[PDB]
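Shown here: query32.cif, mmCIF, C-alpha atoms.
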data_data
#
loop_
_atom_site.label_atom_id
_atom_site.label_comp_id
_atom_site.auth_asym_id
_atom_site.auth_seq_id
_atom_site.Cartn_x
_atom_site.Cartn_y
_atom_site.Cartn_z
CA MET A 3 -11.22 -5.24 -0.37
CA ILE A 4 -12.12 -4.22 3.17
CA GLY A 5 -9.59 -4.17 5.98
CA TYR A 6 -9.90 -5.04 9.63
CA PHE A 7 -7.66 -5.71 12.63
CA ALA A 8 -8.75 -8.75 14.62
CA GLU A 9 -7.96 -9.92 18.14
CA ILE A 10 -6.99 -13.57 18.51
CA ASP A 11 -5.85 -15.57 21.54
CA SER A 12 -3.06 -18.10 21.78
CA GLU A 13 -5.12 -21.27 21.36
CA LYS A 14 -6.83 -19.95 18.20
CA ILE A 15 -3.78 -18.55 16.43
CA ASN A 16 -1.85 -21.78 17.04
CA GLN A 17 -4.85 -23.66 15.70
CA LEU A 18 -4.88 -21.35 12.68
CA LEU A 19 -1.12 -21.72 12.09
CA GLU A 20 -1.27 -25.50 12.60
CA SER A 21 -3.72 -25.82 9.70
CA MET A 27 -6.21 -17.75 3.59
CA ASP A 28 -9.19 -18.96 1.55
CA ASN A 29 -12.33 -18.42 3.66
CA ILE A 30 -10.34 -16.63 6.35
CA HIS A 31 -13.73 -15.00 7.02
CA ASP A 32 -14.97 -17.91 9.08
CA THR A 33 -11.89 -18.92 11.01
CA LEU A 34 -11.90 -15.29 12.18
CA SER A 35 -15.68 -14.88 11.96
CA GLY A 36 -15.93 -15.12 15.74
CA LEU A 37 -13.15 -12.67 16.59
CA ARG A 38 -13.51 -9.06 17.69
CA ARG A 39 -12.12 -6.60 15.13
CA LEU A 40 -11.62 -2.94 14.29
CA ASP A 41 -13.10 -2.60 10.83
CA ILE A 42 -11.98 0.34 8.73
CA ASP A 43 -13.71 -0.63 5.49
CA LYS A 44 -11.67 0.38 2.43
CA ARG A 45 -9.65 3.02 4.26
CA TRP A 46 -6.74 0.70 5.04
CA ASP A 47 -4.45 2.00 2.29
CA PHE A 48 -5.19 5.63 3.27
CA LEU A 49 -3.96 4.64 6.72
CA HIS A 50 -0.89 2.89 5.32
CA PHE A 51 -0.13 5.92 3.15
CA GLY A 52 -0.70 8.43 5.94
CA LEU A 53 1.87 6.69 8.13
CA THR A 54 4.46 5.65 5.53
CA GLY A 55 4.04 7.78 2.41
CA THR A 56 3.59 4.61 0.34
CA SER A 57 0.85 2.16 -0.62
CA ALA A 58 0.57 -1.18 1.20
CA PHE A 59 0.88 -2.59 -2.33
CA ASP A 60 4.42 -1.18 -2.59
CA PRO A 61 5.93 -0.46 0.86
CA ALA A 62 9.53 0.59 1.49
CA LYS A 63 11.79 -2.26 2.60
CA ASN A 64 12.05 -2.77 6.36
CA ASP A 65 9.48 -0.11 7.26
CA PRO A 66 8.36 -0.56 10.89
CA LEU A 67 5.43 1.77 10.28
CA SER A 68 4.26 -0.44 7.39
CA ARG A 69 4.47 -3.40 9.77
CA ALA A 70 2.54 -1.35 12.33
CA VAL A 71 -0.44 -1.57 9.95
CA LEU A 72 0.14 -4.78 7.97
CA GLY A 73 1.55 -6.75 10.89
CA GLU A 74 4.99 -7.91 12.06
CA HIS A 75 4.54 -11.09 10.05
CA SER A 76 3.12 -11.35 6.56
CA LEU A 77 1.36 -14.72 6.69
CA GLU A 78 -0.19 -14.06 3.29
CA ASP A 79 -0.26 -11.54 0.48
CA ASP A 82 -5.30 -12.19 -2.88
CA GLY A 83 -5.47 -10.04 0.23
CA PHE A 84 -3.10 -9.48 3.13
CA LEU A 85 -3.00 -11.53 6.32
CA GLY A 86 -0.51 -10.29 8.89
CA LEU A 87 0.31 -11.25 12.46
CA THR A 88 1.73 -9.40 15.45
CA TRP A 89 2.38 -11.44 18.60
CA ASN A 90 1.46 -10.17 22.06
CA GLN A 91 5.23 -10.10 22.69
CA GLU A 92 5.59 -7.64 19.79
CA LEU A 93 2.62 -5.31 20.40
CA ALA A 94 4.21 -3.04 23.03
CA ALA A 95 6.86 -2.01 20.49
CA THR A 96 4.26 -1.46 17.76
CA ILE A 97 2.15 0.63 20.12
CA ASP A 98 5.14 2.67 21.24
CA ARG A 99 6.15 3.25 17.62
CA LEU A 100 2.73 4.64 16.71
CA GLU A 101 2.32 6.70 19.88
CA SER A 102 5.78 8.21 19.34
CA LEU A 103 4.87 9.67 15.94
CA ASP A 104 4.83 13.46 15.65
CA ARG A 105 1.41 14.39 14.30
CA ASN A 106 2.64 17.73 12.89
CA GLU A 107 5.40 15.75 11.21
CA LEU A 108 2.93 13.27 9.67
CA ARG A 109 0.75 16.15 8.50
CA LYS A 110 3.71 17.91 6.93
CA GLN A 111 4.56 14.74 4.98
CA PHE A 112 0.97 14.07 3.90
CA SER A 113 0.14 15.24 0.38
CA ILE A 114 -3.20 14.72 -1.35
CA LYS A 115 -1.32 15.29 -4.63
CA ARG A 116 1.06 12.40 -3.90
CA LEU A 117 -1.90 10.26 -2.83
CA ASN A 118 -3.77 10.96 -6.08
CA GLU A 119 -0.69 10.39 -8.22
CA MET A 120 0.38 7.16 -6.47
CA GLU A 121 -3.18 5.89 -6.85
CA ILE A 122 -3.56 4.67 -3.25
CA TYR A 123 -6.32 2.06 -2.88
CA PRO A 124 -9.24 2.34 -3.75
CA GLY A 125 -7.53 4.46 -6.41
CA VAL A 126 -10.02 7.35 -6.56
CA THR A 127 -8.91 10.99 -6.81
CA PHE A 128 -9.64 13.57 -4.14
CA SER A 129 -10.06 17.31 -4.54
CA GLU A 130 -6.88 18.85 -3.23
CA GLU A 131 -9.12 20.89 -0.91
CA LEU A 132 -9.80 17.72 1.08
CA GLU A 133 -6.19 17.21 2.14
CA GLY A 134 -6.71 18.32 5.74
CA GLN A 135 -9.93 16.37 6.12
CA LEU A 136 -8.49 13.18 4.64
CA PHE A 137 -5.47 13.44 6.92
CA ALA A 138 -7.68 14.02 9.96
CA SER A 139 -9.75 10.98 8.96
CA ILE A 140 -6.58 8.86 8.77
CA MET A 141 -5.42 10.03 12.22
CA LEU A 142 -8.81 8.96 13.60
CA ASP A 143 -8.28 5.44 12.17
CA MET A 144 -4.75 5.40 13.58
CA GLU A 145 -6.12 6.32 17.03
CA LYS A 146 -8.69 3.52 16.75
CA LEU A 147 -5.92 1.07 15.82
CA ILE A 148 -3.75 2.20 18.73
CA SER A 149 -6.65 1.63 21.12
CA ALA A 150 -7.25 -1.82 19.63
CA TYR A 151 -3.61 -2.85 20.00
CA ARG A 152 -3.48 -1.57 23.59
CA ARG A 153 -6.54 -3.66 24.45
CA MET A 154 -5.07 -6.77 22.80
CA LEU A 155 -1.72 -6.30 24.55
CA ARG A 156 -3.32 -5.86 27.96
CA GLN A 157 -5.55 -8.91 27.47
CA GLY A 158 -2.63 -11.14 26.45
CA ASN A 159 -3.85 -11.57 22.89
CA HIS A 160 -2.37 -11.21 19.41
CA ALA A 161 -3.20 -9.10 16.37
CA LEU A 162 -4.26 -10.18 12.90
CA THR A 163 -4.47 -7.67 10.05
CA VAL A 164 -6.94 -8.93 7.46
CA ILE A 165 -7.28 -7.23 4.08
CA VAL A 166 -9.39 -9.11 1.54
#
Please, can you express the file's structure as structure tokens?
Amino acid sequence: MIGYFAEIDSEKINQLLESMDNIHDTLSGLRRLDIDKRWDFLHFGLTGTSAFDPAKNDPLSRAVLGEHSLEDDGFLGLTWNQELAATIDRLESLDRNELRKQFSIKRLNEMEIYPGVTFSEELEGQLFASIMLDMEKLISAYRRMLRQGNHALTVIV
């Protein structure tokens, strides 16, 4: 289960919605930020929960999974161009020190965040830093999509 955030324009998303088995073909031609199997680390780092069990009405969960859950055999989420500015502002507003304070490698190991492997507790700082790097890559992707008039698709499958 790899995760990526794709950029889709209006004509293509409407075409997609007018029609997620073989989603990797309809999206095959779209630009994407691919974060391999680190998508749940990212979800956890921003929300304290797994994407497999998010808190109800969690805007930060939606910041990663998308404003709209089109599917959930792998997630497919959508965030309209009209919704990206808010998502971007939400992520840029986060206090990094705050996120770090909340991040616990012990909680991550216990909650069995995907892929479900344990980490030495000595890697807490490094893992967190790695997550912040993915968050920064996502922010840059969203900003590009917003500025170009496109929409975002979170694909996890």
Could you state which residues are captured by the PyMOL selection byres ((chain A and resi 49) around 8) in this file, as a ChimeraX atom specification? /A:45-48,50-53,71,140-141,143-144
Name the residues that the PyMOL selection byres ((chain A and resi 27-37) around 8) picks from the file above, as a list in words, using the file's chain letters and numbers.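 Matching residues under the PyMOL selection byres ((chain A and resi 27-37) around 8) are residues 8, 9, 10, 18, 38, 39, 78 and 85 of chain A.
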Using only C-alpha atoms, determine which residues lie at most 12 Å from residue A:97, disregarding the query and same-chain residues fewer than 3 positions distant; provide the list as a compact mmCIF listing (two decimals) with C-alpha atoms, keeping the file's coordinate frame.
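Below you can see out_7.txt, which holds the result:
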# COMPACT_ATOMS: atom_id res chain seq x y z
CA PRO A 66 8.36 -0.56 10.89
CA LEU A 67 5.43 1.77 10.28
CA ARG A 69 4.47 -3.40 9.77
CA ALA A 70 2.54 -1.35 12.33
CA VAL A 71 -0.44 -1.57 9.95
CA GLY A 73 1.55 -6.75 10.89
CA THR A 88 1.73 -9.40 15.45
CA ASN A 90 1.46 -10.17 22.06
CA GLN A 91 5.23 -10.10 22.69
CA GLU A 92 5.59 -7.64 19.79
CA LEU A 93 2.62 -5.31 20.40
CA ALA A 94 4.21 -3.04 23.03
CA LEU A 100 2.73 4.64 16.71
CA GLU A 101 2.32 6.70 19.88
CA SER A 102 5.78 8.21 19.34
CA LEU A 103 4.87 9.67 15.94
CA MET A 144 -4.75 5.40 13.58
CA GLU A 145 -6.12 6.32 17.03
CA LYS A 146 -8.69 3.52 16.75
CA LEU A 147 -5.92 1.07 15.82
CA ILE A 148 -3.75 2.20 18.73
CA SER A 149 -6.65 1.63 21.12
CA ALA A 150 -7.25 -1.82 19.63
CA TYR A 151 -3.61 -2.85 20.00
CA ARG A 152 -3.48 -1.57 23.59
CA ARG A 153 -6.54 -3.66 24.45
CA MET A 154 -5.07 -6.77 22.80
CA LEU A 155 -1.72 -6.30 24.55
CA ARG A 156 -3.32 -5.86 27.96
CA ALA A 161 -3.20 -9.10 16.37
Residues within 7 Å of residue A:122, all atoms listed in the file, excluding chain neighbours under 2 positions, as a ChimeraX atom specification: /A:47-48,57,117-118,120,124-125
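Comparing the minimum interatomic distances between residue A:76 and each of A:136, A:12, A:41, A:58, counting all atoms listed in the file, we find that A:58 sits nearest.
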Once N, CA, C and O atoms are restored for stretch 39-56 of chain A, what would the output be as a PDB file, in the coordinates of the input?
ATOM      1  N   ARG A  39     -13.001  -7.314  16.048  1.00  0.00           N
ATOM      2  CA  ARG A  39     -12.120  -6.600  15.130  1.00  0.00           C
ATOM      3  C   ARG A  39     -12.452  -5.123  15.000  1.00  0.00           C
ATOM      4  O   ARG A  39     -13.567  -4.688  15.308  1.00  0.00           O
ATOM      5  N   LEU A  40     -11.449  -4.361  14.572  1.00  0.00           N
ATOM      6  CA  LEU A  40     -11.620  -2.940  14.290  1.00  0.00           C
ATOM      7  C   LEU A  40     -11.745  -3.003  12.776  1.00  0.00           C
ATOM      8  O   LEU A  40     -10.841  -3.472  12.077  1.00  0.00           O
ATOM      9  N   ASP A  41     -12.880  -2.558  12.263  1.00  0.00           N
ATOM     10  CA  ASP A  41     -13.100  -2.600  10.830  1.00  0.00           C
ATOM     11  C   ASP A  41     -12.991  -1.197  10.267  1.00  0.00           C
ATOM     12  O   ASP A  41     -13.701  -0.296  10.712  1.00  0.00           O
ATOM     13  N   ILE A  42     -12.087  -0.988   9.316  1.00  0.00           N
ATOM     14  CA  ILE A  42     -11.980   0.340   8.730  1.00  0.00           C
ATOM     15  C   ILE A  42     -12.336   0.363   7.253  1.00  0.00           C
ATOM     16  O   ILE A  42     -11.831   1.179   6.488  1.00  0.00           O
ATOM     17  N   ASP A  43     -13.221  -0.549   6.865  1.00  0.00           N
ATOM     18  CA  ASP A  43     -13.710  -0.630   5.490  1.00  0.00           C
ATOM     19  C   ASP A  43     -12.588  -0.599   4.447  1.00  0.00           C
ATOM     20  O   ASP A  43     -11.640  -1.373   4.528  1.00  0.00           O
ATOM     21  N   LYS A  44     -12.690   0.298   3.468  1.00  0.00           N
ATOM     22  CA  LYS A  44     -11.670   0.380   2.430  1.00  0.00           C
ATOM     23  C   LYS A  44     -10.713   1.542   2.670  1.00  0.00           C
ATOM     24  O   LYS A  44     -10.145   2.090   1.727  1.00  0.00           O
ATOM     25  N   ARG A  45     -10.525   1.911   3.932  1.00  0.00           N
ATOM     26  CA  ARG A  45      -9.650   3.020   4.260  1.00  0.00           C
ATOM     27  C   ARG A  45      -8.267   2.555   4.719  1.00  0.00           C
ATOM     28  O   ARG A  45      -7.437   3.359   5.156  1.00  0.00           O
ATOM     29  N   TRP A  46      -8.014   1.257   4.599  1.00  0.00           N
ATOM     30  CA  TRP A  46      -6.740   0.700   5.040  1.00  0.00           C
ATOM     31  C   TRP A  46      -5.504   1.211   4.303  1.00  0.00           C
ATOM     32  O   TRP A  46      -4.439   1.351   4.907  1.00  0.00           O
ATOM     33  N   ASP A  47      -5.619   1.496   3.009  1.00  0.00           N
ATOM     34  CA  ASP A  47      -4.450   2.000   2.290  1.00  0.00           C
ATOM     35  C   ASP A  47      -4.237   3.494   2.588  1.00  0.00           C
ATOM     36  O   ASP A  47      -3.100   3.984   2.527  1.00  0.00           O
ATOM     37  N   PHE A  48      -5.313   4.213   2.919  1.00  0.00           N
ATOM     38  CA  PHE A  48      -5.190   5.630   3.270  1.00  0.00           C
ATOM     39  C   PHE A  48      -4.376   5.673   4.558  1.00  0.00           C
ATOM     40  O   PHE A  48      -3.529   6.549   4.750  1.00  0.00           O
ATOM     41  N   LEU A  49      -4.664   4.724   5.446  1.00  0.00           N
ATOM     42  CA  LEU A  49      -3.960   4.640   6.720  1.00  0.00           C
ATOM     43  C   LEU A  49      -2.502   4.282   6.478  1.00  0.00           C
ATOM     44  O   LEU A  49      -1.607   4.894   7.060  1.00  0.00           O
ATOM     45  N   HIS A  50      -2.259   3.299   5.617  1.00  0.00           N
ATOM     46  CA  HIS A  50      -0.890   2.890   5.320  1.00  0.00           C
ATOM     47  C   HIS A  50      -0.126   4.075   4.745  1.00  0.00           C
ATOM     48  O   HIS A  50       0.984   4.379   5.183  1.00  0.00           O
ATOM     49  N   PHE A  51      -0.742   4.758   3.785  1.00  0.00           N
ATOM     50  CA  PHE A  51      -0.130   5.920   3.150  1.00  0.00           C
ATOM     51  C   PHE A  51       0.132   7.063   4.123  1.00  0.00           C
ATOM     52  O   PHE A  51       1.203   7.673   4.104  1.00  0.00           O
ATOM     53  N   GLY A  52      -0.851   7.358   4.967  1.00  0.00           N
ATOM     54  CA  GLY A  52      -0.700   8.430   5.940  1.00  0.00           C
ATOM     55  C   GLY A  52       0.450   8.233   6.915  1.00  0.00           C
ATOM     56  O   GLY A  52       1.031   9.200   7.410  1.00  0.00           O
ATOM     57  N   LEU A  53       0.788   6.981   7.200  1.00  0.00           N
ATOM     58  CA  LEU A  53       1.870   6.690   8.130  1.00  0.00           C
ATOM     59  C   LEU A  53       3.224   6.433   7.480  1.00  0.00           C
ATOM     60  O   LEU A  53       4.260   6.650   8.104  1.00  0.00           O
ATOM     61  N   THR A  54       3.219   5.990   6.226  1.00  0.00           N
ATOM     62  CA  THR A  54       4.460   5.650   5.530  1.00  0.00           C
ATOM     63  C   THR A  54       4.798   6.435   4.261  1.00  0.00           C
ATOM     64  O   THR A  54       5.957   6.466   3.844  1.00  0.00           O
ATOM     65  N   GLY A  55       3.796   7.038   3.635  1.00  0.00           N
ATOM     66  CA  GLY A  55       4.040   7.780   2.410  1.00  0.00           C
ATOM     67  C   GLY A  55       4.012   6.859   1.200  1.00  0.00           C
ATOM     68  O   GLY A  55       4.303   7.279   0.080  1.00  0.00           O
ATOM     69  N   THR A  56       3.658   5.595   1.423  1.00  0.00           N
ATOM     70  CA  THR A  56       3.590   4.610   0.340  1.00  0.00           C
ATOM     71  C   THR A  56       2.295   3.810   0.432  1.00  0.00           C
ATOM     72  O   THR A  56       1.552   3.911   1.413  1.00  0.00           O
TER      73      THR A  56
END
